[PDB]
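Peer 1: Just need the structure, nothing else, for what follows:
(chains A, B, C and D, ligands or ions: 2)
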Amino acid sequence: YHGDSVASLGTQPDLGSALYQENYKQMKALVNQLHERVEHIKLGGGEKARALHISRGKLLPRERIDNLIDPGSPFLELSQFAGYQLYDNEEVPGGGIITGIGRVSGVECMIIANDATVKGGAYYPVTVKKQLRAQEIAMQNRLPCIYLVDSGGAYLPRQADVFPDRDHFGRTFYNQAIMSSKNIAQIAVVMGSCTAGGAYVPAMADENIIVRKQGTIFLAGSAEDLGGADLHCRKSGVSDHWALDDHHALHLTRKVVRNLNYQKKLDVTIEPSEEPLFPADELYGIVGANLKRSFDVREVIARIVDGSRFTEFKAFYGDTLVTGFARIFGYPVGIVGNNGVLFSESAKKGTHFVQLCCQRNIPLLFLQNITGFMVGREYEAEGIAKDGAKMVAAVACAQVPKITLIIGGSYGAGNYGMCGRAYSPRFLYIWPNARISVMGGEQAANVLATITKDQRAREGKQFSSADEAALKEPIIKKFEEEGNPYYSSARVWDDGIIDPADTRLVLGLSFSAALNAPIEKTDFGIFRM
Amino acid sequence: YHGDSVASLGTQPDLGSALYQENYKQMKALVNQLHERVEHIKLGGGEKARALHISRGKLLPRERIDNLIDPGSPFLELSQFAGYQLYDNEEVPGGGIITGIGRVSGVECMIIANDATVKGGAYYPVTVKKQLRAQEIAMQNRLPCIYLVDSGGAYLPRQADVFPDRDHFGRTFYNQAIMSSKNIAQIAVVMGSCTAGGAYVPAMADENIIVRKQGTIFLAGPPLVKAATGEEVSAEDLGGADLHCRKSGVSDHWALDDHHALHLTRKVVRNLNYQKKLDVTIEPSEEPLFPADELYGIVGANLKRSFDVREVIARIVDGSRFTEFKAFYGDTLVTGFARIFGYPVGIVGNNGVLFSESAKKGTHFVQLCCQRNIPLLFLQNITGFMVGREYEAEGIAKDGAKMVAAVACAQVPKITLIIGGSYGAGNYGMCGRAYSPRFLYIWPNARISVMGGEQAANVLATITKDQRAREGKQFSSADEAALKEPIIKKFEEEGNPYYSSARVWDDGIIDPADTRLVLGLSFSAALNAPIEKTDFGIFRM
Amino acid sequence: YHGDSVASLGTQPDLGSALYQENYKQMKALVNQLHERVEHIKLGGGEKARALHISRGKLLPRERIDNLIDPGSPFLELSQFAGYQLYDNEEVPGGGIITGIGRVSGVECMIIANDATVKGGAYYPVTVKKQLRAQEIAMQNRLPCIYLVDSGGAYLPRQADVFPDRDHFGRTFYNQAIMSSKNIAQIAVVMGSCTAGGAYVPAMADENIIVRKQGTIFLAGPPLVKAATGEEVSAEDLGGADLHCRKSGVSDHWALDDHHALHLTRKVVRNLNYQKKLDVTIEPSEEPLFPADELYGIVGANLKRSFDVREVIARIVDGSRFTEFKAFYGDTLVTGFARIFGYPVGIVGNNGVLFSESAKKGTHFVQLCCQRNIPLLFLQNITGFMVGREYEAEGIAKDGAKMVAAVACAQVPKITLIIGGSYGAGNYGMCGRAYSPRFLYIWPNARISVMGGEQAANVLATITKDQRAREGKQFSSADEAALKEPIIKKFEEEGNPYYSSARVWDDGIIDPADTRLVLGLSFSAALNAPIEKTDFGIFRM
Amino acid sequence: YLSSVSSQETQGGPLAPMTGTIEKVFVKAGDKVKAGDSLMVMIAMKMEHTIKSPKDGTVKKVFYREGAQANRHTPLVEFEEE
Ligand SMILES: O=CCCCC[C@@H]1SC[C@@H]2NC(=O)N[C@@H]21
Ligand SMILES: O=CCCCC[C@@H]1SC[C@@H]2NC(=O)N[C@@H]21
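Peer 2: Residues are numbered from 1 along each chain as shown, chains lettered A, B, ... in the order given. Ligands and ions are numbered 1, 2, ... in the order given. Now the structure:
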């Protein structure tokens, strides 16, 4: 019986209020800035490179993905901003690689395509990291991997950051071998030249497809005679399927996936989906771009969960943290979101909640908007560190799928307790207004303003107020620049910057993909009582 | 019945030969250079810092380890050269942290001690990587972790490379939580100030020991309390206080001084109720039939000259006994069975350029070792810029992958030793760093890079000779070395063992005469974990 | 390496002190009282019954056990005082049954022998409970069960308390069937008459032995046969060894006399193909550094006075060596690691009123022992929980529940020893009878009840003082003791160790000087079963 | 630490076990005491506790007299510095 009437979250914001008008205007500008920058990244190398690419009869990398996935299906692209201003004088749109999750023949798959128009498809250090992140996502969720291979090899000027280390280019083949041993299909489509390590990708794949003339495979670098589809297809045997052109190869790939003999099974209970009771675009006015102002995280929840229905857990205890049960697109989810400074009660409340979700095998969603931990002599005497550690330790051991969304600041140990990047959430997204760093820019400035005020007061040479901002202004600039969402996203610290109006859709797609793998039992360490 | 007489490897080198004399002289100089550099790193921050450290009643970090481990037991230190010339104007001896494997109360444990004399124990980016590598070693081998905590927090000027990412400082606590869930004991001894964010390390530990006066544990330091709440507090009162030991309860044991804390730590380990069990067959140990120092003359420092890897094997295995597998097939690769300190080992070593037959032979051998649960040892000496390097590689690509794929999936303990060059895909096939060998060591004469320095120079000398021949402006021979000399210098500098070891790409640079001892200690530690069954992927026939 | 010198517990008591002299005198009298009462129980039914028993050629029940177990081996008898003054006018020494653990053919076994001299071996309600307790002990520790069957059936006047319920006589056969399915050998030796349900015991056993003429097995006795069918048949013809051995086939072995049957039983156990394996680490045994009889002076018989539980620990653990855990936190509870006869043990003992810190400290300790698979020993001397408005506001109940929940889920072997009071919820937190400790023993000075006798008296002295103050008729001080004296008498009588032991609430009353030996035997028996992994519920943080 | 001189160092002074009335005082303002010498007797919730001398040091001062109610963990005796 599911006919019980229940209360719903959310309230109607005051659209006429000046605060709402200002917050909407600021957030809208950030979203518009985000959109137009992606449009530029969409063009890859440029008109001359794109014209040359098409002149060879090859499809553009994004057109390949459009033809590969099922007609009209959504495509969840990841790390669109990788390499954004990362290198001083080189522009590398998207890192030279396009990764995302789409549906092929009704199966969710991870698609990894080299962008040959960007530096001829050479592998920059960020390119390796982006690919490795995609492989990690595919393995953790048991998603088949499809490699649209068109690459020019490693970027020699930066070889030391590509070749040698464990998380360097070599790890790519290690991941392929491991996934194959776990029956996670590895499919490679050679739609261009692959040289040196590149030739290993088709060789390490379970099934392989090569285009008639464009594709070339050789350990040591005419190219067609040395490699080519005909040599590998008919003589070397490296090729499993032979394709006339890019369209033919993509058609063959869809057939290969259809023969995987895989059917998705759900471990969680399902209920009919319902839209939230409030518009999503109101999040612009509610949240704004000023991190100093505070908002009720429940308002964000009310606009993303099915029917804006939410069962809060321990509502009046540790009120700076909000925990409860909801459903997104029918999936059950336990939501943990910051509503103020973390306290001992908040950490205990979170630790209790995480155990509940793990026991019932309920996916967890974290909404990070942190401002730090409570600071005080009494709090330390009562083991706030001991309480904060309880949550870091429960979150780490949880085996249910975890997704993190940074809707505000992310500073210090508060990041760890709320399932930061270091704690292997299945996905991590950030809003365009977010800031992340070891501590807030102001705190670092003020802390230094104590150390050197002390330095010269204790030493005895006076240190004046103008000497203070010759200390504080460079620090604040550095933390503002390095905490910017684009700085964080240019390197692969998150899986993308998302428009707040798209939060519900992105979460729905992400949780759906994460459910391809069975949920394991959670084993906890010692809870330091 | 084990009374059968068998043949033994090795031959007596010609000590009078000029080549042997030159090779010995060159290798000896490298070893002497390695020794004296370690001596300097041994001193940590320096005399002024060391004098200040002792003036507070605290033991020096290396003296703490000496007192912690069993009397007279060997200590296997790791990554001694981390941070060597890594940062432009800052000297960070050993990365500010000392890690290694030693025996405590008869149990092999991983010891991670902050060096407070180096930058006050602040965490540099290399410091985090070194600690994370140590934790990875402990987890893969089920070694209890002992943290001698004396730290000053993260190095703010380089925060972006310490805090945020998955392999950044946050991962340290994640590793502690995971090991605890697996019953791999985590023991923390706070022997000095624990700064903001380091207070978690004592808390996340299964059992914890704190020194009476020196130890301080606080999430927020007295300055942050002063900034946030305008309150002035002494470090002892805020944390590491009798408050932490009794009122807060964060402390499990209370120690008078450094000596007392180390004595308590030994008692804690003795109560772990752990006993080592071996999955492999054991035979009595025997010394090799040839002196180890002869490796100086045999190998030398010139990577262009070639030597028989069997000579290296003959001087490290028990009794110089070796059963070669597929000796006459794919002769550029040597595979066989031996024993080191009684443990069974399958040895794979390069003896020339890799061929299709060599890759197939290696793939067959690796399957044999995995089936019988035999540890694997790799001796990397890849060859570069030879007429053989200039060869059709289409077959090599088709067959090499088979070896990359078998090596990756192997679940037996794997140890890699780079005794020569390590270039290109040959690194991957021979269990490079990316393939998670339990340990990776390099000799002082080794070189590692994407390709040999000469090949990169020659390749560019084709691209721009073409660039100007095809374009039509002539490009002369002097224009060639304005192209080649900078490339060769870069690859020589970045392929140097110290460059590789300064960053944590290997677990240390070892003297060739110490190869047998290091391997014996490493394999002994790796056997603390049970050997799992190996599951392979699809072998592309 | 185990050569480290360590500190030892215990201090030399002041033998000259008046308190020690008084405490020794009082405790000695209790021990002497305990000894002489057991001597009387040793005689069973009495001289006339014993003379009749021997006149039939049968051995006395305790002589049977002496001949069954290995020569000179100790025998751990259980519940010697079952049925002590339990029934108004009937004396039932030991409940009519003798149960204990002894070594047969080098194997620890549970021995259950009917005492035919006591009421002809009839089953009283306490007799069923004692046997069921023995079977529970055997199953939890995988001890083979040997039944020396000589019984007269159920005691009809009290049938309603023997036959019907789940824990009534029917459960005895259920336990036999379950243990057999688990490969816990069930051996029955029919050394006398067994009728009605008794005949099922030999039938339900894996292997069965019957004496030539004394033993008789039949579902319906001769009296029922005559009534039902009007036929006169002797017990031997209806049952007997020959009929079952040769015709019915119920008998697996045929024995001439009691001595022959016991010899056959030893042979049967030797063919079980069982070998004991230990899951725990072992260290050489050492005697405690202090005499055990000093416990008389230290503890005494006055529960109002307090003593340091560490003194008790110092006199039972190997070498008086003890590693205390969280010594300065929640000091009213003592937890630490020690060894008894070489076995590792985690000890939890009361040293005052339970507080929130004490409960948290206990919960942390229990998790440690479960993680390392270390047996747990509880020393109950409780006086209640902290009472106060502030303590309740801080969730003392929440903290106390944390310990009840950890103790319940622990899967390591648990042994409880009540050396003092055991009142209220403090009993549950310290692994009371309801929490399935492998064994539970009590000292002769112990007291157990829902609350202390005084508290119940004082509480009532508030309720009726209120009753008449609020109602308005005055209630005087003499009216107070017409209220308090009957309550105090009742709680003193029902909290007496003999009252608790007469019913099977504990496994026996033991002399304090024998504490170390009893614990050593008990832990040794409990180690016959492999230690399972512990699964905890939700810890209400 | 093994010498047991540490046992004296572990706590500077003996404190009240719980909040309870002081029933007996066995030490004058200046008295030489040896470890294990009873200093005071306290009843808490009708439960008798006897305080014992931690060290062999002479007593510098006494913070409580008979009939006084002493709060939990409050110093009972002051010992002369040695
Ligand atoms: O922001 C400047 C320094 C003082 C305010 C910082 C607050 S104090 C409460 C919270 N916890 C921290 O560590 N920082 C913030
Ligand atoms: O009822 C009175 C005694 C004789 C009849 C009882 C019958 S005999 C068959 C059946 N089995 C028993 O044990 N009782 C009944």
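Peer 1: Look up how far residue B:157 lies from the closest residue to residue A:437 other than its chain neighbours.
Peer 2: Nearest residue to residue A:437, sequence neighbours excluded (CB to CB, 6 or more residues apart in numbering or on different chains): residue A:483, at 4.3 Å. Using the backbone N, CA and C atoms, a C-beta is placed for each residue, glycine as well. Going from residue A:483 to residue B:157 by CB to CB, to the nearest Å gives 15 Å.
Peer 1: of those two, who's got more company?
Peer 2: Neighbour totals were compared for residue A:483 and residue B:157, and residue A:483 leads with 22 against 12 (other CB atoms under 10 Å in any protein chain shown).
Peer 1: so what's the more buried one up against?
Peer 2: Listed by CB atoms under 8 Å, 6 or more residues apart in numbering or on different chains, the contact set of residue A:483 reads A:435-437, A:441.
Peer 1: try residue A:139
Peer 2: So residue A:139 contacts A:175, A:178-179, A:182, A:184 (CB under 8 Å, 6+ apart).
Peer 1: residues contacting the most centrally placed residue in chain D?
Peer 2: Among the residues of chain D, the one closest to the centroid is residue D:14, at 4.3 Å (CA atoms, centre = their mean). Neighbour list for residue D:14: D:39, D:51-54, D:75-77 [criterion: CB under 8 Å, 6+ apart].
Peer 1: redo that, cut-off 7 Å
Peer 2: By CB atoms under 7 Å, 6 or more residues apart in numbering or on different chains, the residues touching residue D:14 are D:39, D:51, D:54, D:76-77.
Peer 1: cool, and residue A:203?
Peer 2: A:238, B:397-398, B:401, B:540.
Peer 1: from the residues you listed, which is closest to ligand 2?
Peer 2: The nearest member of the contacts of residue A:203 to ligand 2, counting by CB to the nearest ligand atom, is residue B:540 at 78.1 Å.
Peer 1: Give me the secondary structure label for the closest one.
Peer 2: Classification of residue B:540 by DSSP: H, G, I helix; E, B strand; the rest coil places it in coil.
Peer 1: So what does it have for phi and psi?
Peer 2: phi -70, psi 90 (degrees, to the nearest 10).
Peer 1: Tell me the spacing between it and ligand 1.
Peer 2: Residue B:540 is 55 Å from ligand 1, where distance means CB to the nearest ligand atom, to the nearest Å.
Peer 1: Tell me the residues of chain D that contact chain B?
Peer 2: Within chain D, the residues that sit near chain B (CB under 7 Å from any CB of the partner chain) are D:1, D:6, D:9.
Peer 1: among those residues, which are in helices?
Peer 2: D:6, D:9 (DSSP state H).
Peer 1: From the residues of chain D next to chain B, pick the one nearest residue D:22.
Peer 2: residue D:9 (26.7 Å; CB to CB).
Peer 1: Look up how far chain A lies from that closest one.
Peer 2: Here the criterion is CB to the nearest CB, to the nearest Å. By it, residue D:9 lies 24 Å from chain A.
Peer 1: what sits against that residue?
Peer 2: residue B:256.
Peer 1: do the same with residue A:301
Peer 2: The contact partners of residue A:301, by CB under 7 Å, 6+ apart, come to A:9, A:310, A:326, A:335, A:337.
Peer 1: on that earlier part again, could you work out the most separated pair of the contacts of residue A:203?
Peer 2: Checked with CB to CB, the contacts of residue A:203 reach their widest spread between B:397 and B:540, with 11.3 Å between them.
Peer 1: before we move on, the earlier item: export the contacts of residue A:301 as CSV, with columns for distance to residue D:82.
Peer 2: Shown next, in CSV, are the contacts of residue A:301 (distance: CB to CB, whole Å):
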residue, distance to residue D:82
A:9, 68
A:310, 66
A:326, 67
A:335, 62
A:337, 59
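Peer 1: Need the contact partners of stretch A:328-339.
Peer 2: A:268-273, A:296-297, A:301, A:304-306, A:319-327, A:350, A:353, A:357, A:362-370, A:418, A:504, A:507-508, A:511.
Peer 1: again, only this time at 6 Å
Peer 2: A:268, A:270-271, A:273, A:297, A:305, A:320, A:322-326, A:357, A:362-367, A:369-370, A:507-508, A:511 (CB atoms under 6 Å, 6 or more residues apart in numbering or on different chains).
Peer 1: same thing with stretch A:450-459?
Peer 2: For stretch A:450-459, contacts defined as CB under 6 Å, 6+ apart pick out A:463, A:471, B:223.
Peer 1: before we move on, what about stretch A:168-178?
Peer 2: Residues outside stretch A:168-178 that contact it (CB under 6 Å, 6+ apart) are A:128, A:132, A:135, A:162-163, A:186, A:197, A:200, A:204, B:404-405, B:408-409, B:428, B:432, B:434-435, B:537.
Peer 1: now, which of the residues you listed lie close to ligand 2?
Peer 2: Subset of these in contact with ligand 2: empty, counting by CB under 6 Å from any ligand atom.
Peer 1: on that earlier part again, how about the contacts of residue A:203 in a markdown table, adding distance to residue D:60?
Peer 2: Listed next are these as a markdown table, based on distance: CB to CB, whole Å:
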| residue | distance to residue D:60 |
| --- | --- |
| A:238 | 91 |
| B:397 | 87 |
| B:398 | 90 |
| B:401 | 83 |
| B:540 | 87 |
